[PDB]
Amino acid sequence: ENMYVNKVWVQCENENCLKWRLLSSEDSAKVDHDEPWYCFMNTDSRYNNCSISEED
């Protein structure tokens, strides 16, 4: 059943990176914004590393 979960942008907290990443609905529900978030935590395999450019 559809839970109608928004796709949210989160920023990598690696000071060398600081890139913004758009999360799936699933990851947007799962993320805990009171803990640090880093690119490697993104389950989107297109955009899941600080070496990868921000999405267009």
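A residue's number is simply how far along the shown sequence it sits, counting from 1.
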Quick check on the record: does 28-36 or 15-23 carry the larger mean Cα temperature factor?
28-36
Looking at the temperature factor on the CA atom of residue 8, which third of the chain's modelled residues does it land in?
lowest
Looking at the temperature factor on the CA atom of residue 42, which third of the chain's modelled residues does it land in?
middle
Here the Cα B-factor of residue 53, set against its chain, lands in the third termed middle
